[PDB]
file target_37.cif (mmCIF, C-alpha atoms and all ligand atoms)
data_structure
#
loop_
_atom_site.label_atom_id
_atom_site.label_comp_id
_atom_site.auth_asym_id
_atom_site.auth_seq_id
_atom_site.Cartn_x
_atom_site.Cartn_y
_atom_site.Cartn_z
CA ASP J 1 9.66 19.71 -20.59
CA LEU J 2 10.90 21.78 -17.53
CA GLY J 3 10.62 18.57 -15.40
CA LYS J 4 12.73 16.58 -17.97
CA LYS J 5 15.34 19.46 -17.99
CA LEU J 6 15.49 19.40 -14.11
CA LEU J 7 16.12 15.57 -14.02
CA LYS J 8 19.07 15.99 -16.50
CA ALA J 9 20.27 19.10 -14.51
CA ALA J 10 20.26 17.05 -11.23
CA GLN J 11 21.89 14.02 -13.05
CA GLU J 12 24.70 16.04 -14.77
CA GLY J 13 25.36 17.81 -11.39
CA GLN J 14 24.74 21.40 -12.65
CA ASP J 15 23.97 23.30 -9.37
CA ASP J 16 23.11 26.69 -11.03
CA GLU J 17 20.98 25.06 -13.85
CA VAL J 18 18.83 23.32 -11.12
CA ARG J 19 18.42 26.64 -9.15
CA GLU J 20 17.31 28.46 -12.39
CA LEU J 21 14.88 25.62 -13.47
CA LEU J 22 13.34 25.46 -9.90
CA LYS J 23 13.00 29.34 -9.84
CA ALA J 24 11.31 29.02 -13.33
CA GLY J 25 8.57 26.88 -11.60
CA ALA J 26 9.75 23.31 -12.47
CA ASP J 27 8.03 20.41 -10.56
CA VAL J 28 10.59 19.41 -7.84
CA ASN J 29 8.82 15.94 -7.52
CA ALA J 30 8.90 15.20 -11.34
CA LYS J 31 8.84 11.36 -11.81
CA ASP J 32 10.04 9.71 -15.09
CA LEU J 33 8.51 6.37 -16.37
CA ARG J 34 10.66 4.54 -13.71
CA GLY J 35 9.22 6.85 -10.95
CA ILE J 36 12.69 8.53 -10.55
CA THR J 37 12.48 12.09 -9.00
CA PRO J 38 15.32 14.69 -9.09
CA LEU J 39 16.14 13.73 -5.44
CA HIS J 40 16.64 9.99 -6.38
CA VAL J 41 19.00 11.07 -9.25
CA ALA J 42 20.96 13.55 -7.03
CA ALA J 43 21.11 10.86 -4.25
CA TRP J 44 22.28 8.20 -6.80
CA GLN J 45 25.17 10.40 -8.11
CA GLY J 46 26.22 12.02 -4.77
CA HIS J 47 25.35 15.69 -5.62
CA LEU J 48 24.97 16.99 -1.98
CA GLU J 49 24.72 20.67 -3.17
CA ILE J 50 21.67 19.66 -5.39
CA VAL J 51 20.16 17.23 -2.75
CA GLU J 52 20.08 20.20 -0.28
CA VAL J 53 18.44 22.71 -2.71
CA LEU J 54 15.83 20.11 -3.98
CA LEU J 55 14.84 19.26 -0.33
CA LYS J 56 14.74 23.02 0.57
CA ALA J 57 12.36 23.43 -2.48
CA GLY J 58 9.98 20.76 -1.00
CA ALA J 59 11.21 17.44 -2.50
CA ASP J 60 9.39 14.27 -1.25
CA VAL J 61 12.24 12.73 0.87
CA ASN J 62 10.41 9.29 0.90
CA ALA J 63 9.51 9.31 -2.85
CA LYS J 64 9.33 5.63 -4.06
CA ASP J 65 10.57 4.60 -7.57
CA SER J 66 8.71 1.94 -9.67
CA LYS J 67 10.64 -0.88 -7.82
CA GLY J 68 10.08 0.75 -4.35
CA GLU J 69 13.57 2.39 -3.86
CA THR J 70 13.78 5.77 -2.02
CA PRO J 71 16.53 8.46 -2.23
CA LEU J 72 17.88 7.01 1.09
CA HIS J 73 18.11 3.50 -0.54
CA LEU J 74 20.16 5.00 -3.45
CA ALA J 75 22.43 7.16 -1.20
CA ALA J 76 22.90 4.06 1.07
CA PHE J 77 23.71 1.73 -1.91
CA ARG J 78 26.03 4.30 -3.64
CA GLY J 79 28.08 5.02 -0.43
CA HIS J 80 27.17 8.77 -0.01
CA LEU J 81 27.31 9.07 3.84
CA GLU J 82 26.86 12.90 3.95
CA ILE J 83 23.74 12.72 1.65
CA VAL J 84 22.44 9.78 3.81
CA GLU J 85 22.85 12.02 6.93
CA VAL J 86 21.15 15.08 5.24
CA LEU J 87 18.18 12.90 4.06
CA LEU J 88 17.76 11.51 7.64
CA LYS J 89 17.77 15.13 9.06
CA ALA J 90 15.05 15.89 6.38
CA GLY J 91 12.93 13.03 7.89
CA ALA J 92 13.85 10.03 5.65
CA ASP J 93 12.10 6.66 6.43
CA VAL J 94 15.16 4.68 7.72
CA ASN J 95 13.36 1.23 7.89
CA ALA J 96 11.53 1.70 4.50
CA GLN J 97 11.44 -1.51 2.33
CA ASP J 98 11.68 -1.71 -1.52
CA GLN J 99 9.62 -4.26 -3.63
CA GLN J 100 12.23 -6.95 -2.65
CA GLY J 101 11.79 -6.07 1.08
CA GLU J 102 15.31 -4.58 1.57
CA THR J 103 16.05 -1.50 3.78
CA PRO J 104 18.73 1.12 2.91
CA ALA J 105 20.73 -0.58 5.76
CA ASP J 106 20.54 -3.82 3.63
CA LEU J 107 21.69 -1.98 0.42
CA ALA J 108 24.57 -0.29 2.36
CA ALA J 109 25.67 -3.79 3.58
CA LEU J 110 25.23 -5.24 0.00
CA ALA J 111 27.62 -2.56 -1.46
CA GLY J 112 30.03 -3.07 1.53
CA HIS J 113 29.34 0.36 3.15
CA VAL J 114 29.37 -0.89 6.81
CA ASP J 115 30.20 2.68 8.06
CA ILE J 116 26.87 3.91 6.45
CA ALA J 117 24.87 0.79 7.53
CA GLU J 118 25.98 1.49 11.17
CA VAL J 119 24.71 5.15 10.88
CA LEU J 120 21.31 3.86 9.56
CA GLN J 121 21.14 1.12 12.29
CA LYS J 122 21.82 3.65 15.14
CA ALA J 123 19.03 5.97 13.77
CA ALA J 124 16.00 3.73 14.81
CA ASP S 1 19.50 13.83 -25.72
CA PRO S 2 22.79 12.32 -24.37
CA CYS S 3 20.99 9.63 -22.23
CA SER S 4 18.70 8.16 -25.01
CA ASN S 5 21.99 6.69 -26.53
CA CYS S 6 22.75 4.62 -23.33
CA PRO S 7 22.30 0.82 -23.70
CA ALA S 8 21.07 -1.76 -21.13
CA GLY S 9 23.72 -2.92 -18.56
CA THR S 10 24.37 0.87 -18.17
CA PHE S 11 22.94 4.16 -16.69
CA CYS S 12 23.12 7.84 -17.88
CA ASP S 13 26.08 9.72 -16.22
CA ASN S 14 27.49 13.12 -17.45
CA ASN S 15 29.50 14.09 -14.26
CA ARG S 16 32.97 12.87 -15.43
CA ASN S 17 33.26 13.28 -19.30
CA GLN S 18 31.70 9.74 -19.89
CA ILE S 19 28.13 9.81 -21.52
CA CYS S 20 27.00 6.55 -19.69
CA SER S 21 28.58 4.26 -16.95
CA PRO S 22 28.22 0.46 -16.40
CA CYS S 23 25.67 -0.68 -13.73
CA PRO S 24 27.62 -1.12 -10.44
CA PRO S 25 27.96 -4.61 -8.87
CA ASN S 26 24.66 -6.16 -7.56
CA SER S 27 22.63 -3.74 -9.79
CA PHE S 28 21.27 -4.05 -13.38
CA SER S 29 19.59 -2.05 -16.23
CA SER S 30 17.21 -4.24 -18.40
CA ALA S 31 16.31 -1.24 -20.65
CA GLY S 32 18.63 1.29 -22.20
CA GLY S 33 18.24 5.03 -21.38
CA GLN S 34 17.81 4.32 -17.60
CA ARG S 35 18.76 7.19 -15.20
CA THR S 36 19.44 4.64 -12.33
CA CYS S 37 20.30 0.87 -12.14
CA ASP S 38 17.71 -1.37 -10.36
CA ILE S 39 19.07 -3.54 -7.45
CA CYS S 40 19.66 -7.36 -7.88
CA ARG S 41 17.39 -9.74 -5.86
CA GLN S 42 19.67 -11.47 -3.24
CA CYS S 43 18.93 -15.21 -2.52
CA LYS S 44 20.55 -17.31 0.29
CA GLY S 45 19.27 -19.78 2.97
CA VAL S 46 15.59 -20.67 2.31
CA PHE S 47 15.73 -18.83 -1.07
CA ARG S 48 17.86 -20.60 -3.73
CA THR S 49 19.26 -18.67 -6.74
CA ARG S 50 17.89 -20.25 -10.00
CA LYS S 51 19.13 -17.51 -12.42
CA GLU S 52 22.17 -15.41 -11.27
CA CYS S 53 22.02 -11.56 -11.51
CA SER S 54 23.69 -9.98 -14.61
CA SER S 55 24.51 -6.28 -15.35
CA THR S 56 21.53 -6.32 -17.81
CA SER S 57 19.07 -8.81 -16.05
CA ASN S 58 17.79 -9.43 -12.46
CA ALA S 59 18.40 -12.71 -10.55
CA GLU S 60 15.36 -15.09 -10.34
CA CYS S 61 14.89 -17.46 -7.33
CA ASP S 62 12.96 -20.48 -6.01
CA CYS S 63 12.70 -21.90 -2.44
CA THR S 64 14.94 -24.75 -1.11
CA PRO S 65 13.40 -28.26 -0.77
CA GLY S 66 10.81 -28.53 2.08
CA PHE S 67 9.42 -25.09 0.99
CA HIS S 68 7.46 -23.64 -2.02
CA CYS S 69 7.21 -20.15 -3.66
CA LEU S 70 4.19 -17.88 -2.90
CA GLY S 71 3.33 -14.80 -5.01
CA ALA S 72 4.69 -13.46 -8.34
CA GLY S 73 8.46 -14.09 -8.87
CA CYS S 74 8.75 -16.10 -5.60
CA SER S 75 8.22 -13.01 -3.32
CA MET S 76 8.14 -15.16 -0.09
CA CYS S 77 8.55 -18.94 0.77
CA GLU S 78 5.93 -21.14 2.59
CA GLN S 79 6.65 -24.49 4.38
CA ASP S 80 5.59 -27.69 2.49
CA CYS S 81 3.19 -30.01 4.43
CA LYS S 82 2.61 -33.77 3.73
CA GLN S 83 -0.24 -34.98 1.46
CA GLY S 84 -3.53 -35.10 3.44
CA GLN S 85 -2.42 -32.01 5.43
CA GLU S 86 -3.00 -28.24 5.18
CA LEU S 87 -0.85 -25.43 6.71
CA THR S 88 -2.75 -23.83 9.68
CA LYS S 89 -1.29 -20.95 11.78
CA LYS S 90 -0.63 -23.70 14.44
CA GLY S 91 1.34 -25.52 11.64
CA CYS S 92 0.95 -28.68 9.42
CA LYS S 93 -2.39 -30.17 10.63
CA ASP S 94 -3.97 -33.34 9.05
CA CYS S 95 -7.19 -32.91 6.97
CA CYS S 96 -10.63 -33.32 8.72
CA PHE S 97 -12.87 -36.35 7.79
CA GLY S 98 -14.83 -35.28 4.65
CA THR S 99 -11.86 -33.35 3.14
CA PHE S 100 -8.55 -34.15 1.28
CA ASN S 101 -5.30 -32.55 -0.11
CA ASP S 102 -3.48 -34.41 -2.99
CA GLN S 103 -0.66 -31.73 -3.03
CA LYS S 104 2.18 -30.74 -0.59
CA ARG S 105 0.75 -27.13 -0.48
CA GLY S 106 -2.57 -25.29 0.07
CA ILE S 107 -5.84 -25.96 1.99
CA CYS S 108 -7.85 -29.20 2.49
CA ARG S 109 -10.79 -29.28 -0.02
CA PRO S 110 -14.00 -31.36 0.54
CA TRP S 111 -14.48 -34.73 -1.33
CA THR S 112 -16.53 -34.57 -4.60
CA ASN S 113 -20.32 -35.11 -4.16
CA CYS S 114 -21.01 -37.78 -6.87
CA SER S 115 -24.84 -37.36 -6.31
CA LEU S 116 -24.60 -33.81 -7.88
CA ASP S 117 -23.79 -35.31 -11.38
CA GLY S 118 -26.03 -38.39 -10.65
CA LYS S 119 -22.96 -40.72 -10.25
CA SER S 120 -22.16 -43.04 -7.29
CA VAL S 121 -18.93 -43.33 -5.17
CA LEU S 122 -16.96 -45.97 -7.23
CA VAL S 123 -13.87 -45.61 -4.90
CA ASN S 124 -13.95 -43.97 -1.41
CA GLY S 125 -11.82 -40.83 -0.65
CA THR S 126 -9.13 -40.31 2.05
CA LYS S 127 -7.05 -37.43 3.61
CA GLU S 128 -4.53 -38.02 0.72
CA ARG S 129 -6.99 -38.25 -2.28
CA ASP S 130 -10.51 -37.40 -3.58
CA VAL S 131 -13.46 -39.80 -4.20
CA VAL S 132 -13.65 -41.58 -7.62
CA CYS S 133 -17.25 -41.29 -9.02
CA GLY S 134 -18.71 -44.11 -11.18
CA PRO S 135 -22.23 -44.83 -12.63
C1 LIG U 201 -16.46 -46.87 1.87
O1 LIG U 201 -16.24 -47.15 3.28
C2 LIG U 201 -17.07 -48.09 3.99
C3 LIG U 201 -16.47 -48.40 5.38
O2 LIG U 201 -15.99 -47.23 6.06
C4 LIG U 201 -17.20 -49.41 3.22
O3 LIG U 201 -18.18 -50.21 3.89
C5 LIG U 201 -17.58 -49.16 1.76
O4 LIG U 201 -17.41 -50.32 0.93
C6 LIG U 201 -18.49 -51.26 0.97
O5 LIG U 201 -19.82 -50.70 1.04
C7 LIG U 201 -20.87 -51.68 1.04
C8 LIG U 201 -22.21 -50.96 1.18
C9 LIG U 201 -20.79 -52.56 -0.22
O6 LIG U 201 -21.09 -51.78 -1.38
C10 LIG U 201 -19.40 -53.21 -0.36
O7 LIG U 201 -19.24 -53.90 -1.61
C11 LIG U 201 -18.30 -52.17 -0.26
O8 LIG U 201 -17.02 -52.82 -0.23
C12 LIG U 201 -16.64 -48.17 1.08
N1 LIG U 201 -17.12 -47.93 -0.29
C13 LIG U 201 -16.49 -48.34 -1.40
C14 LIG U 201 -17.20 -48.05 -2.70
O9 LIG U 201 -15.41 -48.93 -1.40
#

call {"tool": "encode", "arguments": {"input": "target_37.cif", "output": "structure tokens"}}
result
Amino acid sequence: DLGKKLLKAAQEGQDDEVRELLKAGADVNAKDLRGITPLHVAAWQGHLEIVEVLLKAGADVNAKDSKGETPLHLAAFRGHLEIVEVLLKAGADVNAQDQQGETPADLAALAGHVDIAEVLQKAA
Amino acid sequence: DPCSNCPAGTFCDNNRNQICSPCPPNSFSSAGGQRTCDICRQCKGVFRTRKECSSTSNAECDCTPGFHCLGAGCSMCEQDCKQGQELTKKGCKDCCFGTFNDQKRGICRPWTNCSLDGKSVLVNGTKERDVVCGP
């Protein structure tokens, strides 16, 4: 129930509600049925503030969803350059594939984020 | 509570006064109540798009002529060989003497031993086709 509340907190973008729920001993790596962690959700919706605090509370940076997508894949696809950069600094797997064998660099290119794709291509 | 109400073709989103948003281009949600939209399979060159991606359903794909799908949902493509060939690492090699392949994919298999069932070779085999057993 604390895990479910933390996913919603991360999704909605409620910085203080995440901090409280983490400090109340919520699982920072709480998957749903689709294998989606708080970090995936925060990465998907561009909540840098929350991405930083989840990582600082020991989030798995290379957590895979049910279809093999990582927080870097989501950040890359959704055009969130600063979150992409922060995840890389936190040791994100830059050449990681999903089920369909596509890197974050591929997803960045797919969504027409060449700027971000270039950042990911320079880093290994 | 506010995400359960989200349909397919859509993801849960409470940042900007909307309850749910539509799946962005080249992504889809096949269930409702999804926190994130899954990414569309892309298919060009060797891969040919059979079903196009929708907001609510993934693209499906086959391989272009001269190739064939391998693995669930055509994960990767493999080169077709001729009949009476198999695909070695060196490439499309013809079948050895006592062995045949009636398909344009897979390994050479040995001819049927008619003796096993008691029968006799009615028609001889070849690289292209198996023995026909008789009496
Ligand atoms: C399979 O190949 C043989 C030559 O490579 C050929 O001689 C066989 O046919 C003949 O066999 C002899 C013993 C005789 O039965 C004759 O009537 C056949 O034509 C061939 N086997 C068959 C069944 O065609």

call {"tool": "atom_distance", "arguments": {"input": "target_37.cif", "atom1": "atom CA of residue S:34", "atom2": "atom CA of residue J:38"}}
result
13.6 Å

call {"tool": "residues_near_point", "arguments": {"input": "target_37.cif", "point": "(19.3, 1.1, 8.6)", "cutoff": "7 Å", "atoms": "all atoms listed in the file", "output": "list in words"}}
result
residues 94, 95, 103, 104, 105, 117, 120 and 121 of chain J

call {"tool": "closest_atom_pairs", "arguments": {"input": "target_37.cif", "of": "chain J", "to": "chain S", "cutoff": "10 Å", "atoms": "all atoms listed in the file", "output": "tab-separated table"}}
result
residue	atom	partner	partner_atom	distance
J:7	CA	S:35	CA	8.9
J:8	CA	S:3	CA	8.8
J:9	CA	S:14	CA	9.8
J:11	CA	S:13	CA	6.8
J:12	CA	S:14	CA	4.8
J:13	CA	S:15	CA	6.3
J:14	CA	S:15	CA	8.9
J:32	CA	S:35	CA	9.1
J:33	CA	S:34	CA	9.6
J:34	CA	S:34	CA	8.1
J:36	CA	S:35	CA	7.8
J:40	CA	S:36	CA	8.5
J:41	CA	S:35	CA	7.1
J:44	CA	S:36	CA	7.2
J:45	CA	S:13	CA	8.2
J:47	CA	S:15	CA	9.7
J:65	CA	S:38	CA	9.7
J:66	CA	S:38	CA	9.6
J:67	CA	S:38	CA	7.5
J:68	CA	S:38	CA	9.9
J:69	CA	S:38	CA	8.6
J:73	CA	S:39	CA	9.9
J:74	CA	S:36	CA	8.9
J:77	CA	S:39	CA	8.9
J:78	CA	S:24	CA	8.8
J:98	CA	S:39	CA	9.7
J:99	CA	S:75	CA	8.9
J:100	CA	S:41	CA	6.7
J:101	CA	S:75	CA	9.0
J:102	CA	S:41	CA	9.3
J:107	CA	S:39	CA	8.4
J:110	CA	S:26	CA	7.6
J:111	CA	S:26	CA	7.7

call {"tool": "axis_aligned_box", "arguments": {"input": "target_37.cif", "around": "ligand LIG 201 (chain U)", "padding_each_side": "3 Å", "output": "lines of an AutoDock Vina configuration file"}}
result
center_x = -18.8
center_y = -50.4
center_z = 1.7
size_x = 12.8
size_y = 13.0
size_z = 14.8

call {"tool": "residues_near_ligand", "arguments": {"input": "target_37.cif", "ligand": "ligand LIG 201 (chain U)", "cutoff": "6 Å", "atoms": "all atoms listed in the file", "output": "list in words"}}
result
residues 121, 122, 123 and 124 of chain S

call {"tool": "residues_around", "arguments": {"input": "target_37.cif", "residues": "residue J:71", "least_positions_apart": "4", "cutoff": "9 Å", "atoms": "all atoms listed in the file", "output": "NGL selection string"}}
result
:J and (37 or 39-44 or 61-65 or 75-76 or 84 or 87 or 92)

call {"tool": "atom_distance", "arguments": {"input": "target_37.cif", "atom1": "atom CA of residue J:106", "atom2": "atom CA of residue J:57"}}
result
29.1 Å

call {"tool": "atom_distance", "arguments": {"input": "target_37.cif", "atom1": "atom CA of residue J:53", "atom2": "atom CA of residue J:119"}}
result
23.1 Å

call {"tool": "residues_around", "arguments": {"input": "target_37.cif", "residues": "residue S:22", "least_positions_apart": "4", "cutoff": "8 Å", "atoms": "only C-alpha atoms", "output": "PyMOL selection string"}}
result
chain S and resi 9-11+55

call {"tool": "residues_around", "arguments": {"input": "target_37.cif", "residues": "residue S:59", "least_positions_apart": "5", "cutoff": "9 Å", "atoms": "only C-alpha atoms", "output": "ChimeraX atom specification"}}
result
/S:40-43,49-54
